[PDB]
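Notes to accompany the following structure.
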Amino acid sequence: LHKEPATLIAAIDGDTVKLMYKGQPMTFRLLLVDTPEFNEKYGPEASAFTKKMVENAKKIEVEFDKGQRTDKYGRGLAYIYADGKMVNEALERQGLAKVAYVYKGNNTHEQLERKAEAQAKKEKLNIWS
Ligand SMILES: Cc1cn([C@H]2C[C@H](OP(=O)(O)O)[C@@H](COP(=O)(O)O)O2)c(=O)[nH]c1=O
Ligand SMILES: [Ca+2]
């Protein structure tokens with residue numbers, strides 16, 4: 001896989017963000033994770049965590065997997081990096097998302113995510129508390 005440039009347009013919630021990619025505004029949905037909706041327990045914390053991570057970054061990058069790049073809603077499907085740190089993995093490591101929506105051929109980083117989730121679960125963090 002490879003990283004491509006993007007710039008933040010607006011944080012949306014724990015697992016979605018508006019980026020400009022190849023000069024076009026797009027909503028991106030993070031691969032392999034499920035954050036609680038804003039109305040749900042840990043939803044506000046998930047949204048705040050992802051907001052702070054993308055707003056604080058000097059450099060946002062997008063990394064598509066090998067399969068589908070857009071979902072049925074037109075959202076891009078990617079791993080998102082803030083100054084080289086993967087947002088998808090960080091949400092797992094903090095107990096603010098569950099590994100979810102793992103479709104064959106778009107799951108390059110599954111085991112990295114599950115590892116992070118196991119560590120969060122060990123620590124009883126957030127969703128696992
Ligand atoms: C993460 C992801 C979600 N989706 C679709 C499945 C779900 O469809 P339904 O809307 O029919 O449930 C929806 C969940 O996204 P959200 O968790 O953003 O709601 O997005 C994909 O198709 N591919 C993906 O890789
Ligand atoms: Ca969600």
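How things are named: the first chain in the structure tokens is A, the next is B, and so on; residues count from 1 in each chain; ligands count from 1 in the order shown.
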Exercise: range 104-119 of chain A partners within 6 Å, only C-alpha atoms, chain neighbours under 6 positions left out, as a list in words: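 Contacts, with the query itself left out: residues 65, 66, 67, 89, 92 and 93 of chain A.
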Residues near residue 84 in chain A, cut-off 10 Å, only C-alpha atoms, skip fewer than 4 positions along chain, as a list in words: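 The neighbour list is residues 3, 57, 58, 59, 60, 61 and 80 of chain A.
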Keeping N, CA, C and O atoms, export the residues of the selection given above as an mmCIF file, in the first residue's frame.
```
data_model
loop_
_atom_site.group_PDB
_atom_site.id
_atom_site.type_symbol
_atom_site.label_atom_id
_atom_site.label_comp_id
_atom_site.auth_asym_id
_atom_site.auth_seq_id
_atom_site.Cartn_x
_atom_site.Cartn_y
_atom_site.Cartn_z
ATOM 1 N N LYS A 3 1.089 5.751 0.802
ATOM 2 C CA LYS A 3 0.477 6.952 1.342
ATOM 3 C C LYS A 3 0.378 8.043 0.288
ATOM 4 O O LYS A 3 1.259 8.205 -0.556
ATOM 5 N N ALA A 57 -2.306 17.781 13.164
ATOM 6 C CA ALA A 57 -1.307 17.222 12.263
ATOM 7 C C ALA A 57 -0.763 18.272 11.322
ATOM 8 O O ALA A 57 -1.511 18.991 10.719
ATOM 9 N N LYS A 58 0.529 18.242 11.083
ATOM 10 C CA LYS A 58 1.092 19.068 10.032
ATOM 11 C C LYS A 58 0.744 18.457 8.688
ATOM 12 O O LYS A 58 0.548 19.166 7.700
ATOM 13 N N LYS A 59 0.683 17.134 8.661
ATOM 14 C CA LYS A 59 0.571 16.377 7.402
ATOM 15 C C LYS A 59 -0.417 15.234 7.566
ATOM 16 O O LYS A 59 -0.229 14.342 8.419
ATOM 17 N N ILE A 60 -1.488 15.256 6.763
ATOM 18 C CA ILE A 60 -2.480 14.187 6.707
ATOM 19 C C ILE A 60 -2.182 13.415 5.455
ATOM 20 O O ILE A 60 -1.907 14.017 4.416
ATOM 21 N N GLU A 61 -2.249 12.079 5.544
ATOM 22 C CA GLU A 61 -2.087 11.249 4.387
ATOM 23 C C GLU A 61 -3.212 10.217 4.345
ATOM 24 O O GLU A 61 -3.744 9.795 5.389
ATOM 25 N N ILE A 80 -6.103 6.493 7.584
ATOM 26 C CA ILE A 80 -5.714 7.899 7.625
ATOM 27 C C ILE A 80 -4.559 8.094 8.610
ATOM 28 O O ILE A 80 -4.610 7.567 9.712
#
```
Best match for closeness to residue 40 in chain A among A:123, A:63, A:71, A:13, counting only C-alpha atoms: A:13
Distance query range 98-100 of chain A at most 6 Å, only C-alpha atoms, self and fewer than 5 positions along chain excluded, as a list in words: residues 32, 33 and 34 of chain A
Using only C-alpha atoms and all ligand atoms, what are the residues with an atom within 9 Å of ligand 2, set out as an mmCIF file with N, CA, C and O atoms, in the first residue's frame?
```
data_model
loop_
_atom_site.group_PDB
_atom_site.id
_atom_site.type_symbol
_atom_site.label_atom_id
_atom_site.label_comp_id
_atom_site.auth_asym_id
_atom_site.auth_seq_id
_atom_site.Cartn_x
_atom_site.Cartn_y
_atom_site.Cartn_z
ATOM 1 N N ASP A 13 -16.727 12.996 12.831
ATOM 2 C CA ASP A 13 -16.882 12.211 14.060
ATOM 3 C C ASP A 13 -15.698 11.219 14.256
ATOM 4 O O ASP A 13 -14.671 11.356 13.614
ATOM 5 N N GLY A 14 -15.847 10.250 15.163
ATOM 6 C CA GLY A 14 -14.793 9.292 15.452
ATOM 7 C C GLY A 14 -14.207 8.572 14.275
ATOM 8 O O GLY A 14 -13.020 8.317 14.235
ATOM 9 N N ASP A 15 -15.029 8.259 13.302
ATOM 10 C CA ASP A 15 -14.539 7.427 12.178
ATOM 11 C C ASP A 15 -14.725 8.034 10.788
ATOM 12 O O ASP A 15 -14.527 7.343 9.786
ATOM 13 N N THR A 16 -15.206 9.297 10.747
ATOM 14 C CA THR A 16 -15.325 9.998 9.484
ATOM 15 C C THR A 16 -14.671 11.347 9.570
ATOM 16 O O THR A 16 -14.734 12.031 10.627
ATOM 17 N N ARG A 29 -14.256 7.430 5.376
ATOM 18 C CA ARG A 29 -14.616 6.558 6.432
ATOM 19 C C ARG A 29 -13.439 5.668 6.686
ATOM 20 O O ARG A 29 -12.860 5.107 5.749
ATOM 21 N N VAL A 33 -12.614 -0.113 11.372
ATOM 22 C CA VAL A 33 -13.008 0.299 12.702
ATOM 23 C C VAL A 33 -14.451 0.740 12.745
ATOM 24 O O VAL A 33 -15.030 1.124 11.707
ATOM 25 N N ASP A 34 -14.982 0.716 13.951
ATOM 26 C CA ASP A 34 -16.308 1.268 14.234
ATOM 27 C C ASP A 34 -16.236 2.068 15.500
ATOM 28 O O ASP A 34 -16.138 1.488 16.613
ATOM 29 N N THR A 35 -16.322 3.386 15.395
ATOM 30 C CA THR A 35 -16.468 4.255 16.577
ATOM 31 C C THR A 35 -17.966 4.353 16.963
ATOM 32 O O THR A 35 -18.848 4.280 16.117
ATOM 33 N N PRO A 36 -18.252 4.571 18.218
ATOM 34 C CA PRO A 36 -19.688 4.817 18.589
ATOM 35 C C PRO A 36 -20.141 6.124 17.947
ATOM 36 O O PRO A 36 -19.331 6.999 17.639
ATOM 37 N N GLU A 37 -21.416 6.194 17.604
ATOM 38 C CA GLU A 37 -21.949 7.419 17.084
ATOM 39 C C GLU A 37 -21.866 8.465 18.206
ATOM 40 O O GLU A 37 -21.843 8.118 19.400
ATOM 41 N N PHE A 38 -21.942 9.731 17.807
ATOM 42 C CA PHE A 38 -21.832 10.836 18.753
ATOM 43 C C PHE A 38 -22.843 10.783 19.889
ATOM 44 O O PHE A 38 -22.500 11.107 21.020
ATOM 45 N N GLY A 43 -19.061 8.101 22.208
ATOM 46 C CA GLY A 43 -19.149 8.816 20.940
ATOM 47 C C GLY A 43 -18.469 10.187 20.981
ATOM 48 O O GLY A 43 -17.646 10.530 20.087
ATOM 49 N N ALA A 97 -12.745 2.588 19.553
ATOM 50 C CA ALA A 97 -13.347 1.945 18.400
ATOM 51 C C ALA A 97 -13.246 0.411 18.571
ATOM 52 O O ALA A 97 -12.421 -0.110 19.339
#
```
Exercise: residue 69 in chain A partners within 12 Å, only C-alpha atoms, chain neighbours under 3 positions left out, as a PyMOL selection string: chain A and resi 26-31+62-66+72-79+105-106
With C-alpha atoms retained, export the selected residues as a CSV table (one decimal), in the first residue's frame.
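The resulting file, selection21.csv, is reproduced below:
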```csv
chain,number,residue,atom,x,y,z
A,26,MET,CA,-14.5,14.0,0.1
A,27,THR,CA,-15.9,12.3,3.2
A,28,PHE,CA,-13.5,9.5,4.3
A,29,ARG,CA,-14.6,6.6,6.4
A,30,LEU,CA,-11.8,4.8,8.3
A,31,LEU,CA,-11.2,1.2,7.3
A,62,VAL,CA,-4.6,8.8,2.9
A,63,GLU,CA,-3.8,5.1,2.2
A,64,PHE,CA,-6.2,3.1,0.2
A,65,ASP,CA,-6.2,-0.7,0.5
A,66,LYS,CA,-6.3,-3.1,-2.4
A,72,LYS,CA,-22.1,2.8,-1.4
A,73,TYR,CA,-22.5,6.3,0.2
A,74,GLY,CA,-19.6,7.7,-1.8
A,75,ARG,CA,-17.3,7.9,1.1
A,76,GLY,CA,-13.7,7.1,0.6
A,77,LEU,CA,-12.3,4.1,2.4
A,78,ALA,CA,-8.9,4.5,3.7
A,79,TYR,CA,-6.4,4.3,6.5
A,105,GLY,CA,-9.4,-7.8,0.1
A,106,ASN,CA,-9.6,-4.6,2.1
```
Nearest-residue call for residue 121 in chain A, choices A:96, A:85, A:11, A:103, using only C-alpha atoms: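 That would be A:96, the residue with the smallest distance to residue 121 in chain A.
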For residue 22 in chain A, list every protein, DNA or RNA residue within 10 Å, evaluated using only C-alpha atoms, and leave out those in the same chain fewer than 5 positions away; present the list as a short mmCIF file (atom, residue, chain, number, x, y, z; two decimals) with C-alpha atoms, in the first residue's frame.
```
data_model
loop_
_atom_site.label_atom_id
_atom_site.label_comp_id
_atom_site.auth_asym_id
_atom_site.auth_seq_id
_atom_site.Cartn_x
_atom_site.Cartn_y
_atom_site.Cartn_z
CA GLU A 4 -0.97 9.84 -0.64
CA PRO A 5 -1.44 13.45 0.31
CA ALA A 6 -4.62 15.07 1.55
CA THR A 7 -5.53 18.15 3.61
#
```
